[PDB]
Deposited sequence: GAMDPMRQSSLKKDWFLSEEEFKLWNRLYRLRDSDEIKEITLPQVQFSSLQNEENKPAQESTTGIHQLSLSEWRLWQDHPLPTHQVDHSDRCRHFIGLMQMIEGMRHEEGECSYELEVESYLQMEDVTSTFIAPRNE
């Protein structure tokens, strides 16, 4: 068949799925890619609002977590572990005795 919705599919989409100007949310948007160093009816999906839920691996269905997602989870765990340090930093204490000056500038 066709790439576009048939008349019947279009009717279904219009009455079941399409968001409308009178719905409480009339549009869902995704944050756009922006590199900083180089809306009443509009819901922007957040990747940060639920940050406190992210220090544990969440359920999967058919797609296993990736290595970068495991790193993300581990970093969130590290941040949680340091959140209530004032001043003197445990990470510094764990690594700074291994520093070799020849490695750096």
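The deposited sequence has C-alpha coordinates everywhere except the stretches 1-12, 51-61, 129-137.
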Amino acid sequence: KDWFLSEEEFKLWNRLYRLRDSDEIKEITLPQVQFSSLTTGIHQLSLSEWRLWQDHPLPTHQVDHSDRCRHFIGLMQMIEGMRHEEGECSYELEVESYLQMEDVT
From here on, numbers count along this sequence of modelled residues.
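Look at the mean CA B-factor for 18-26 and for 88-96 in the entry; the higher one is 88-96.
The mean Cα B-factor in the deposited entry runs higher for 39-47 than for the other of 39-47 and 54-62. In the PDB entry, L75 places in the lowest third of its chain by CA B-factor.
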